[PDB]
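J.: This is the structure I want to talk about, given as structure tokens.
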Amino acid sequence: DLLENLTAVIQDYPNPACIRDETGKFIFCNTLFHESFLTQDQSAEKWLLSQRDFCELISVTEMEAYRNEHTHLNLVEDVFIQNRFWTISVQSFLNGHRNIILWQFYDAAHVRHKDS
Amino acid sequence: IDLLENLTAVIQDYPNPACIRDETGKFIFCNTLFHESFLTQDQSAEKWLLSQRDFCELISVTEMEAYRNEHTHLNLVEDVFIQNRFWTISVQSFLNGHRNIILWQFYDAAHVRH
């Protein structure tokens, strides 16, 4: 199914990434997500809740991404986490009516905007 | 078990046009919405690309990404006019074995929060 395929992509993905469901559960976090963020033997949820400003930002972005903006690119830009600035894309995928939400973390300097 | 196969499955019925190109510039897969939005006459994606007059930046960015040895960049090519409307196109490279594949995803716009 979609979840298995997305997991396979993300686990071969060379930056931190994770998959969530509509309930806030972290379904899967890739190796680099663990190595970047989960270095206190802590759960992804505990990590998230410890990052006040980021949690507040990504919570709203994630709701916008999966409820409204399936055809818009949803980014949280230039957020400081774990001694670096990140930019995070948030995208939802449907399996039937089940939303599967992807967070992909990029170095903020590795995301470039440019007109046509 | 291919990265390419898994990625194809993810984007197949995803509600944005999206396509995958190989490192040489061949279209290797276009999703359903890509066909519906862009290939309405069953023309090749290759001919559709050649017809575009607003693709200078997209093409330049894609060439650079096609040869990258690291796969962590996201390039957003904003306000590309195709036919009669604007798209924002993201460009990402993925490792498939030892070669690169390039994913284009087509959005109505990018929404940035700080």
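Naming scheme: A, B, ... for chains in displayed order of the structure tokens; residues 1 onward per chain; ligands 1 onward as shown.
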Within 7 Å of residue 107 (chain B), counting only C-alpha atoms, which residues qualify if same-chain residues fewer than 5 places away don't, as a list in words?

T.: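 Here the qualifying residues turn out to be residues 71, 72 and 73 of chain A; 16, 87, 88 and 89 of chain B.
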
J.: Write out as number ranges by chain all residues of chain B that backbone DSSP assigns to strand (DSSP E or B).

T.: B: 18-22, 27-30, 74-82, 85-96, 99-107, 109-113

J.: Please produce a file of those selected residues containing N, CA and C atoms, as a compact mmCIF listing (two decimals), in the first residue's frame.

T.:
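Contents of the output file again_37.txt:
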# COMPACT_ATOMS: atom_id res chain seq x y z
N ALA B 18 2.90 15.24 -11.47
CA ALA B 18 4.29 14.92 -11.12
C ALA B 18 4.87 13.98 -12.14
N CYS B 19 6.17 14.08 -12.35
CA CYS B 19 6.86 13.21 -13.28
C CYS B 19 8.27 12.94 -12.79
N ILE B 20 8.83 11.89 -13.34
CA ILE B 20 10.19 11.46 -13.04
C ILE B 20 10.96 11.37 -14.35
N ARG B 21 12.16 11.96 -14.35
CA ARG B 21 13.07 11.95 -15.48
C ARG B 21 14.35 11.24 -15.06
N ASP B 22 15.01 10.62 -16.01
CA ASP B 22 16.31 10.03 -15.71
C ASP B 22 17.40 11.09 -15.89
N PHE B 27 11.88 11.33 -19.93
CA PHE B 27 10.76 11.10 -19.03
C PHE B 27 10.60 9.61 -18.84
N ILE B 28 10.67 9.13 -17.60
CA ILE B 28 10.47 7.71 -17.35
C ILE B 28 9.11 7.37 -16.74
N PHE B 29 8.46 8.35 -16.13
CA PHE B 29 7.10 8.17 -15.62
C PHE B 29 6.40 9.51 -15.42
N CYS B 30 5.14 9.60 -15.85
CA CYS B 30 4.30 10.76 -15.59
C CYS B 30 3.03 10.27 -14.91
N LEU B 74 16.32 21.14 -2.38
CA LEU B 74 15.00 21.36 -2.95
C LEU B 74 15.05 22.69 -3.70
N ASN B 75 14.69 22.67 -4.98
CA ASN B 75 14.65 23.88 -5.77
C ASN B 75 13.21 24.12 -6.17
N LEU B 76 12.71 25.32 -5.89
CA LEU B 76 11.37 25.71 -6.24
C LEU B 76 11.46 26.70 -7.38
N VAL B 77 10.86 26.35 -8.51
CA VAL B 77 10.82 27.22 -9.67
C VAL B 77 9.43 27.81 -9.72
N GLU B 78 9.32 29.09 -9.39
CA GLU B 78 8.03 29.68 -9.07
C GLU B 78 7.42 30.39 -10.27
N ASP B 79 6.09 30.32 -10.37
CA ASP B 79 5.36 31.08 -11.38
C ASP B 79 5.84 30.79 -12.80
N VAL B 80 5.82 29.51 -13.13
CA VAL B 80 6.07 29.01 -14.48
C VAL B 80 4.72 28.95 -15.20
N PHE B 81 4.63 29.66 -16.31
CA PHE B 81 3.38 29.76 -17.07
C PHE B 81 3.34 28.65 -18.10
N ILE B 82 2.36 27.77 -17.96
CA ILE B 82 2.16 26.66 -18.89
C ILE B 82 0.74 26.74 -19.44
N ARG B 85 -1.85 29.09 -17.37
CA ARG B 85 -1.84 29.28 -15.92
C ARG B 85 -0.48 29.10 -15.35
N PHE B 86 -0.34 29.57 -14.12
CA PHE B 86 0.92 29.48 -13.40
C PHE B 86 0.98 28.23 -12.51
N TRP B 87 2.18 27.67 -12.44
CA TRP B 87 2.54 26.57 -11.55
C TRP B 87 3.83 26.92 -10.82
N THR B 88 3.97 26.38 -9.61
CA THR B 88 5.26 26.36 -8.95
C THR B 88 5.73 24.91 -9.01
N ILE B 89 6.96 24.71 -9.47
CA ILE B 89 7.47 23.37 -9.72
C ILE B 89 8.66 23.11 -8.80
N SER B 90 8.58 22.04 -8.01
CA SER B 90 9.71 21.66 -7.18
C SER B 90 10.53 20.64 -7.94
N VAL B 91 11.83 20.70 -7.72
CA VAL B 91 12.78 19.84 -8.39
C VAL B 91 13.66 19.21 -7.32
N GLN B 92 13.74 17.88 -7.33
CA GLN B 92 14.50 17.10 -6.35
C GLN B 92 15.16 15.96 -7.08
N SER B 93 16.37 15.61 -6.65
CA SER B 93 17.11 14.48 -7.19
C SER B 93 17.06 13.34 -6.15
N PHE B 94 16.95 12.11 -6.65
CA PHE B 94 16.97 10.91 -5.82
C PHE B 94 17.99 9.98 -6.41
N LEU B 95 18.69 9.27 -5.52
CA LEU B 95 19.58 8.22 -5.95
C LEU B 95 18.74 6.99 -6.29
N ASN B 96 18.97 6.44 -7.48
CA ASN B 96 18.40 5.16 -7.88
C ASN B 96 19.57 4.25 -8.27
N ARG B 99 22.73 5.98 -10.13
CA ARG B 99 22.33 7.06 -11.02
C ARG B 99 21.33 7.97 -10.31
N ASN B 100 21.13 9.16 -10.87
CA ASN B 100 20.15 10.08 -10.35
C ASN B 100 18.87 10.00 -11.17
N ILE B 101 17.75 10.15 -10.47
CA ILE B 101 16.47 10.45 -11.11
C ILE B 101 15.99 11.78 -10.56
N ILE B 102 15.19 12.49 -11.36
CA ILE B 102 14.75 13.83 -11.02
C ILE B 102 13.23 13.79 -10.93
N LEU B 103 12.71 14.29 -9.82
CA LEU B 103 11.26 14.41 -9.60
C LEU B 103 10.86 15.85 -9.74
N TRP B 104 9.89 16.09 -10.64
CA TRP B 104 9.20 17.37 -10.73
C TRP B 104 7.82 17.18 -10.13
N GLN B 105 7.44 18.08 -9.24
CA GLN B 105 6.08 18.14 -8.71
C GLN B 105 5.52 19.52 -8.97
N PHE B 106 4.27 19.56 -9.44
CA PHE B 106 3.64 20.79 -9.90
C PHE B 106 2.55 21.23 -8.93
N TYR B 107 2.72 22.42 -8.37
CA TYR B 107 1.81 22.97 -7.38
C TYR B 107 1.15 24.23 -7.88
N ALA B 109 0.88 26.82 -5.92
CA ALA B 109 1.76 27.82 -5.31
C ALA B 109 2.49 27.20 -4.13
N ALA B 110 3.53 27.88 -3.66
CA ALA B 110 4.19 27.52 -2.41
C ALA B 110 3.64 28.43 -1.31
N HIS B 111 3.35 27.84 -0.15
CA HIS B 111 2.89 28.60 1.01
C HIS B 111 3.96 28.47 2.10
N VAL B 112 4.63 29.58 2.38
CA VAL B 112 5.73 29.60 3.34
C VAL B 112 5.27 30.21 4.67
N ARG B 113 5.60 29.53 5.78
CA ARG B 113 5.42 30.09 7.12
C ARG B 113 6.78 30.18 7.81

J.: When DSSP is applied to the backbone of this structure, which of chain B are assigned alpha helix (DSSP H)? Write them out as a ChimeraX atom specification.

T.: /B:3-11,32-38,45-51,56-66

J.: Each residue of chain A with at least one atom at most 8 Å from chain B should appear once, together with its nearest atom pair and the corresponding distance in Å (one decimal); atoms considered: only C-alpha atoms; ordering: chain, then increasing residue number; output as a Markdown table.

T.:
| residue | atom | partner | partner_atom | distance |
| --- | --- | --- | --- | --- |
| A:2 | CA | B:10 | CA | 6.0 |
| A:5 | CA | B:6 | CA | 4.8 |
| A:6 | CA | B:10 | CA | 6.1 |
| A:8 | CA | B:6 | CA | 6.6 |
| A:9 | CA | B:3 | CA | 6.1 |
| A:12 | CA | B:3 | CA | 7.7 |
| A:13 | CA | B:94 | CA | 7.9 |
| A:14 | CA | B:72 | CA | 6.4 |
| A:15 | CA | B:72 | CA | 6.4 |
| A:57 | CA | B:113 | CA | 7.9 |
| A:61 | CA | B:113 | CA | 7.7 |
| A:70 | CA | B:15 | CA | 7.0 |
| A:71 | CA | B:107 | CA | 5.4 |
| A:72 | CA | B:109 | CA | 5.2 |
| A:73 | CA | B:110 | CA | 4.3 |
| A:74 | CA | B:111 | CA | 5.0 |
| A:75 | CA | B:112 | CA | 4.9 |
| A:76 | CA | B:113 | CA | 5.0 |
| A:77 | CA | B:114 | CA | 5.4 |
| A:78 | CA | B:114 | CA | 6.8 |
| A:79 | CA | B:114 | CA | 7.4 |
| A:93 | CA | B:14 | CA | 6.7 |
| A:94 | CA | B:14 | CA | 7.7 |
| A:106 | CA | B:72 | CA | 6.6 |
| A:107 | CA | B:72 | CA | 7.9 |
| A:110 | CA | B:73 | CA | 4.8 |
| A:111 | CA | B:74 | CA | 4.8 |
| A:112 | CA | B:75 | CA | 4.8 |
| A:113 | CA | B:76 | CA | 4.9 |
| A:114 | CA | B:77 | CA | 5.1 |
| A:115 | CA | B:78 | CA | 4.7 |
| A:116 | CA | B:57 | CA | 5.2 |

J.: I'd like to know which of B:69, B:12, B:51, B:62 is closest to residue 33 (chain B), using only C-alpha atoms.

T.: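 Result for the nearest residue to residue 33 (chain B): B:12.
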
J.: Extract, using only C-alpha atoms, all DNA, RNA and protein residues at most 9 Å from region 28-45 of chain A, discarding same-chain residues fewer than 6 positions from it, and format them as a list in words.

T.: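 Contacts, in chain order: residues 7, 10, 11, 12, 13, 14, 15, 16, 17, 18, 19, 20, 81, 82 and 105 of chain A.
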
J.: Generate the output file for the selected residues, C-alpha atoms, as a PDB file, in the first residue's frame.

T.:
ATOM      1  CA  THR A   7       8.234   4.323   3.986  1.00  0.00           C
ATOM      2  CA  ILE A  10      11.855   7.817   3.070  1.00  0.00           C
ATOM      3  CA  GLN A  11      14.121   5.143   4.464  1.00  0.00           C
ATOM      4  CA  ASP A  12      16.363   5.665   1.420  1.00  0.00           C
ATOM      5  CA  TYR A  13      16.055   9.407   1.867  1.00  0.00           C
ATOM      6  CA  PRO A  14      19.283  11.285   2.793  1.00  0.00           C
ATOM      7  CA  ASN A  15      17.823  13.801   5.167  1.00  0.00           C
ATOM      8  CA  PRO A  16      15.595  13.563   8.193  1.00  0.00           C
ATOM      9  CA  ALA A  17      12.007  12.660   7.391  1.00  0.00           C
ATOM     10  CA  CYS A  18       9.004  11.186   9.132  1.00  0.00           C
ATOM     11  CA  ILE A  19       5.471   9.994   8.432  1.00  0.00           C
ATOM     12  CA  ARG A  20       2.501  10.934  10.615  1.00  0.00           C
ATOM     13  CA  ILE A  81      16.378  22.927  15.737  1.00  0.00           C
ATOM     14  CA  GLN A  82      19.389  21.039  17.183  1.00  0.00           C
ATOM     15  CA  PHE A 105      13.678  18.245   6.573  1.00  0.00           C
TER      16      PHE A 105
END
